[PDB]
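The structure is given below, and queries will be raised subsequently.
Order of writing sets the chain letters: A, B, C, D and E. Residues in each chain are counted from 1.
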Amino acid sequence: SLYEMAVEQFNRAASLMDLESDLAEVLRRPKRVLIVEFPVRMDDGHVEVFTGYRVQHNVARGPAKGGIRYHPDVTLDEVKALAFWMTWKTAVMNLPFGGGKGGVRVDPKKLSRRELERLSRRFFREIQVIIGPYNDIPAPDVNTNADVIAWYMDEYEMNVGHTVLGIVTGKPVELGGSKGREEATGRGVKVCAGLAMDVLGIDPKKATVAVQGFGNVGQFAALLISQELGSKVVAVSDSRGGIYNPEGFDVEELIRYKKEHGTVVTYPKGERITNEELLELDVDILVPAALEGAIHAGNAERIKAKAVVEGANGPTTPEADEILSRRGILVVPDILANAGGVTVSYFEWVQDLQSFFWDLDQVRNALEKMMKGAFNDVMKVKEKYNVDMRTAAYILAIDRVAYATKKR
Amino acid sequence: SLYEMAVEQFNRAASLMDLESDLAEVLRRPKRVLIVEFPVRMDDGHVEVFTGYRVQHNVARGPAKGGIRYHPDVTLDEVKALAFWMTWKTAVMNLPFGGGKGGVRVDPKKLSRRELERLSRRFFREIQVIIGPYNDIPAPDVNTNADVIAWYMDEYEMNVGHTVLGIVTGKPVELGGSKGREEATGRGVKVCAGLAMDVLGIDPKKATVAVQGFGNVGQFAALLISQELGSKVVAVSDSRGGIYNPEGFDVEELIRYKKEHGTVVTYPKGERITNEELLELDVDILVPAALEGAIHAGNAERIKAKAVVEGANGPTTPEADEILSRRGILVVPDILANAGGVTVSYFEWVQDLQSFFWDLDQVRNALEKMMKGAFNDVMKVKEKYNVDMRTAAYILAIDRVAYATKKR
Amino acid sequence: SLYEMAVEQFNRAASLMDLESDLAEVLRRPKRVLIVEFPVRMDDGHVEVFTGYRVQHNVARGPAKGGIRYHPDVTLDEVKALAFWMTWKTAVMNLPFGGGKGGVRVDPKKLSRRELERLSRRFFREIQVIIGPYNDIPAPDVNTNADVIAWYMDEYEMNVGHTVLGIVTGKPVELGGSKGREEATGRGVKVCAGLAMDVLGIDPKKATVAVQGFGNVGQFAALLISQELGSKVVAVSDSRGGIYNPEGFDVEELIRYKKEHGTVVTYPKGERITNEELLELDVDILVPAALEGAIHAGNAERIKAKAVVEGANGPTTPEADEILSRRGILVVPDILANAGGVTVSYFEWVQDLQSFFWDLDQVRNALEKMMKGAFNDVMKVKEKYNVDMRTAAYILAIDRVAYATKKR
Amino acid sequence: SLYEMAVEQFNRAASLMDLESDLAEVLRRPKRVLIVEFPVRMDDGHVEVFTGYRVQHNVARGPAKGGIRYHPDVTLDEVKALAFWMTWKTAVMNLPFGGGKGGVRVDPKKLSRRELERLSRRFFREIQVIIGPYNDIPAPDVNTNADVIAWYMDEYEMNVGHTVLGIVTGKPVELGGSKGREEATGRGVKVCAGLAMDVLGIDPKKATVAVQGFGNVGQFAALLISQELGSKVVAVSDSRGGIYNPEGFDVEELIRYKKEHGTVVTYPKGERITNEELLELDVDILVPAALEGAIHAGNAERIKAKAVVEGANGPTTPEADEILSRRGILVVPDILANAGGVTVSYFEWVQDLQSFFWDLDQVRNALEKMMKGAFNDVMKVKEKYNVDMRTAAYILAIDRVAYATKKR
Amino acid sequence: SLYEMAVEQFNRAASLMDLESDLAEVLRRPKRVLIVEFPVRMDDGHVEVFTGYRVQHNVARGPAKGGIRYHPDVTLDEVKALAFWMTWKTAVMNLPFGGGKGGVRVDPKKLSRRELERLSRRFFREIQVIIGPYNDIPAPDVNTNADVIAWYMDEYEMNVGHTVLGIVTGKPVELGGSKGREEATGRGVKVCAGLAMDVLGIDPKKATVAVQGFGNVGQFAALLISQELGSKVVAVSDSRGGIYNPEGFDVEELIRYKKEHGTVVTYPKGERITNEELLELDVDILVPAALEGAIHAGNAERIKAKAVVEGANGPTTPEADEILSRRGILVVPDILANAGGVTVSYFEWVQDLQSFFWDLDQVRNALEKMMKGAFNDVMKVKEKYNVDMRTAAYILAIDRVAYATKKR
């Protein structure tokens, strides 16, 4: 099960540290799970009942924070697991937030804008009881965005009776959102890639990078690592293929091209290569920013990268983890690496609370400052236990939640 | 599954009546399901995490109403199913209530009064979000009583900030409870036994009754059917055996004896008989007030009773239903027959809302008035569809919930 | 101290019954004591700070209930004591109420209607935090009336935001009050006088009564005992003197006369006598409805009445108590006898909650029904302990508050 | 009385300034005084009733702010007095806060961690009515700390229903507290010492300091005055004795030693001296940071210090005041000098409101900025009335509270 | 009608831009209009009923923001219109606020301070339902000030139950107000005058300015344009006349004189001139900061200024607009130019929400920063449509409100 699989990873770090048996049990089970079955009037006039979930795992360190998923395959399990991760993800970044998540079993594609807006409202009204700007602050996830998130904000105000706007994050800038939301995640990855370059003693200008995937994270990660760090993005990949060029790409251009034509492949001035080939390139840093299992048992021994900065979720598998650490390859974990979003999300909530908004430069600095921190905080725990950065991160996280849980 | 099994029974009556396809779907799924994992400090000092559930099925006709279960085998499914029934149960009785239920996976026997009181509080605080005197009014179920219910009421007031006391039912009389709570269910069964006697044209004084089981329901049903109706309880049964006496028993005495000595068996002036034998006695009315399946395929053809007033839950099985109706034997369904409890529970909530308490005679009259009603309301629907009383009851119920669901 | 003096009386009955030591301590100390110092703009333009108290003694059995005192000598102590009594007073009557009281150190006489209204509001606003229709429901006491109580009700609504009217009792009938408020107390005394007559085996028609005092309680007690019971009020008394007439007075007339001319004395057809003389008359029932200590050590042995129904507060002293019981003279205690007011006050609150008002006949029947009850409930406890009715009453009271305190 | 004694000090400055008679009366009496008697289940199982007090003196300028005291000798009086001071203390610092205080008559030493946590909760629940993040924000006092304060915060959330964390101050950093809490008070004293040096024309490097006492305040005052100011701490004292060294101590070391061994005495490289001796040393600045009355009539004439920066409460007595001012010795009053705590407490509340936390440097700067200010604001009023700094501070305070009281 | 006249101006810009027909309709009508008739006890003792209005036009972008008017001629119409403007005014400044306004039909002059305070409270209580720190934040307008505004704040807290202070703006600094309130508007005008000097390519030191009017705005506009910008205020005007002096005035002195003697006229060292004459002076920038219609059809062709910065409301008429733009004379619109007030008001509310107050320099910088912004944002839209700045401003405003309205 998706959940049990997560609890396992937790249990591991739970041992490396002397964590009270019973205390670990409360950190394991989630505080609240709300499942709702609500009707929605479809455009054609017939009513359709939908299943929705909102899970508040842990709240010891603050109000639950986590996105909402619109997928036809979403399951209580999946949600629980994702909520579970949020708890630690936020903890490692050191944010006054807890961990939660939610979703509705629905395929947005077969629903009209009117129907979506409708479902989006009924949902938020159905789970209102459990949420609030000081209890649970939803956010966009798969198949949801600033548009859906704005309907949420609205529906809430209409019920609550006054402007809240701190009830959800990821809202359009003109409606209480924050600047730097888009580049968030990428900038985070960049900050990490640099820091790793440091621990590895590599020179950002002389370094070469390979980014797997070219979505939001991929693009910005490549863009900023290239511009601000000065490294050479020698290869990027699409959902189709990849392109090489030891001379270095011009991410700027590559982006436009990726926009114009469905993919980065076909792009001239680039030696076509496969995705699995990219993962094995001879580069300093490899940023897996696409699908899971990218780095697995099969290629674990082939990776020549000195550092693997996880831009996506679960890019590398447990087995690959072991192999990679054995070979002494630094692997900056996702909970830390691609937490740049959750971080800028905290800023949005903050900016909202005081109805005063910071400009880009600030959001940037703040983001980089906390990334650098988290990185180091994890680093220390790493040496203190001689474990891999991923485990170190879970320990640090499990630590903070426990202490808070204890002090209360 | 326990739930699916109930949905089936519903689907049946759902067909006999022209019920909008999509409307039925909403009546099928439950509105809210809340699952909580809360810690509790055990006497010895260690913390133990427990699982609790509160389910609000339908609320169209009023706030959810249903007890709380303390059992180590309780499961989401079981709760959902039980909640589901409450929806129709209250509906057939015509009470301004919805349907809900809840429970905690715990064995009260291995917990100290201090620990119980503790767990009971933490629970009620954990599900507070979903309940209220106008949202969900819990009540005692298996392994919970006026004592547990009073800790509930207290804990609530301490949080809410003022005396509520309508937050839960089944409280001690001296703390906002209602009179006639004990004899409630039994009196209900009595009222039905009598009414079944009328439509059948039998004379209450000349009639003879056989009550299977001798718990709360059995005793009072036997007691009141004997005293107020004037019928002759010719046989009653224990969890061990049964006793016959065509002359007629003195329920009054039989009760004391049942108290003094663990059972009714051994009781002098009574021809010992088996439980399965009792079911086949030659009496006018047979009140199965014990275990389920009592009347099944095997004995279905043997029952000589003209009327079977179900004092327990599911005494007679589906197959037996068919056979019994085929043979033309009136079978007053449980949802109606043993709903005298839920009914007196409604009055308690009422009395509480206005902090004014009625005396016995009132509670009685009110109870009897509504039973008589429901009975007839069901009777009508029966002729209107030429179905058996049980089905008639589910139709009447499914009808009321739909209308309300429609009007809203 | 006034308070300690009360605690003593309590401690006595607390012993006669096996009451857990620590449980008795909580029943001793009061839950809440709020003291406020608020300014008030006087007519002439200068501000004057006033001291006000609101004390919620016990609340186990319901929301605190008790009047507000406007006196220049009121002290925290006095209030505490009075609140303390309310707790038991309501408990013996069996009302879903707790015990509270309050007051403001001010002499209404030196204040203009405008200033009073002002002070009355500022006060109620200052103690709002502690009160509510379900927390603490003030009422009129010394130097406060339906007028002051109405300003209270208003000020509350203006703050709360909606019509409450269950926030205080003793309001004008046209503004949420109840009928039968005036005759309340007296009717109570009447009911008791009659009941005392029963246990004593005396005939209501043949009986003779002597009422000491002629205020609200005195008049109505005399009026109703005469009209409804048929007894012969042979003597009544003023703050000046008294009048005898073994033939029997016409309370109806006596009332008018008492209105026209400052006193009952001077009234023709009446043999003038002193107050202390009245107490010793040779009558069946003596209703001390005036000042305290009326029946003390000095005259204790002189009283020839078979029953003393306390219409006032503390008419007879402790020593007199002993002597009287020794001599076998039934003494219906005040907490029970003159509780007819608090009782009709409960009804007012009830009628308010459901915004539906009962007519006189109902209020009467309800009042008498509960009086009869309380009387008997006390009677039983009396035999169970072979103590005097006053003690029996405190036990019954202390019992109910303990049980509730325990169940919670 | 402790209270009347404070009112006297107030009355003095009340005269020096033309303060409306009646307006002064409202500033004299406290707005709210809540006294609670609550039970607590002791480990052994028996219940023990405790007495707690919460007093909101004045609120005109903001919500009441003040710590909670756990002592067996605490009395309503003591609390009132302390609350009274908070009102002016915050006023002189110019903080949007009012004045309040509270305490429970209990000896924490005879209670188990479990019992304490229990009592700590029950208390906070009992005084919830009167407090809130915008009404009254408690804080730690004598015998209470971040641990007790965190149980408070928790208990509140559980009742309120959502994360507050601005309900109390002095919480652990990881649970909503603020950085710089420890060094707070000391840094304040430091800032003053410097400002006085300024006014006295002394050079921070050439100056010599003597700190009486070595608790939190003493240590940090000594540490920072030494490191940041560059002065020479020539003597510090314990609850036992003191140590001299005109060469200058190494507070850094002295602290460790004070930790290792119960006292600073015994510490080598230090000429042992008595406490009363320290007070008379020939130094520029003397920081009485220990017990009250330290500087009294007896030694008043002996002090050779040019400036006395009160780090504790009431170190110097009224008589000593007169003498000291007569001799022309600058005496920075406590309300101003040791208010660095209340100040950092305001920041904690601020950081909480916007759920964004500042880092040390900020908390420091903010603290110093306001201290510098308050100092000067007081300085001005001093010249405008040619009174001593203590009186100047009370005037400035009484002024601000009056203006606000007036504008409203 | 005042309202319809405003709707027209809107409709104009509404066309220049492709704005959905129906969307424009919602932007046209105001969301809420509350009219109240409340009594007030007059000093002499008689009650007088008053009429009050509070109008929430649009709220899409935030809570309604707008002052309160005390005038005997105020009408629903006038308010609606004024509210309507606030909506766009805040929108162009880009403040998280909506649009609202209110007023009471009363002449303050005939009311005593006591009566005013009274009325001020009753009013605020009557419109409480519609306002809040997150719904509608009143502010001072004609005939209301920090004093009235403080009675508002108080009355609210007394009802709400806790300190708010974000409920209204324009409060006294010592009571939650902000610094820089007075110079606000003027500074804004200054910022604009400079920016215009820029687009026109004029040198701030060489430029000459003529300010019509000498109230708050006029004086400060003149003061700051002179001191900070270095331009030469060659003429200012009173409600009587004006004074010329090509050498340049000393606004500093001119202010004192205007204070001492009722007007600027009579002031030596100044060539007296008429108001209509001033408007035609040969200066670079003309700041109409007095009455409306100042620049109309009649003088439209006479104005020699290269830039007209509207310090007042509607100084120039529609016809004059056309003529002025035709002649190519830059006209910085009022909604932008004299919005410096609303802007600093936003800051006050912000500072209040986090109970942390900024110092002058901050308030200034923030103000100038946003003014510069709005100016440019408007400038862009101006070129994108080749319309006059006033229209550009309305488009920019109508745009932002629509987008928000759409996203929701």
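Just so we're on the same page, contacts are C-beta pairs under 8 Å (C-beta built on N, C-alpha and C of every residue); 3 or more make two chains touch, one makes a residue touch a chain.
S.K.: Look at the interfaces B-C and A-B and say which one is made up of more C-beta pairs in contact.
M.R.: Spelling it out, more C-beta pairs touch across A-B than across the other pair.
S.K.: Among C-E, A-D or C-D, which pair gives essentially the same interface as D-E, with more than half of the residue-number contact pairs in common?
M.R.: When the residue numbers line up for over half the pairs, the pair is A-D.
S.K.: Roughly how many whole angstrom separate the Cα centroids of chain A and chain B?
M.R.: 50
S.K.: Take the average of all CA coordinates in chain A, do the same for chain E, and state the distance between these two points in whole angstrom.
M.R.: Computed value for the inter-centroid distance: 46 Å.
S.K.: Need the CA-centroid distance for the pair chain B / chain D, whole Å please.
M.R.: Whole-Å distance between the two chain centres: 64.
S.K.: Compute the distance, rounded to whole Å, between the mean C-alpha positions of chain B and chain E.
M.R.: 70
S.K.: Tell me, which residues of chain B touch at least two other chains?
M.R.: In chain B, 129, 161 touch at least two other chains.
S.K.: Which two-chain combinations touch?
M.R.: A-B, A-D, A-E, B-C, B-D, C-D, C-E, D-E
S.K.: In the complex, go through chain E and note every residue touching chain C.
M.R.: 125, 128-129, 158-159, 161
S.K.: Under the stated contact criterion, what part of chain E meets chain A in this complex?
M.R.: The touching residues are 59, 61-63, 96, 132, 134-135, 349-350, 353-354, 400, 403-404, 407-408.
S.K.: Going by the contact rule set out above, which residues of chain D touch chain C in the complex?
M.R.: Within the complex, chain D contacts chain C at residues 22-23, 25-26, 29-39, 46-49, 51, 126, 129-130.
S.K.: Mind pulling up the chain A residues that touch chain E in the complex?
M.R.: 146-147, 150-151, 153-154, 161-164, 172, 174-176, 353-356
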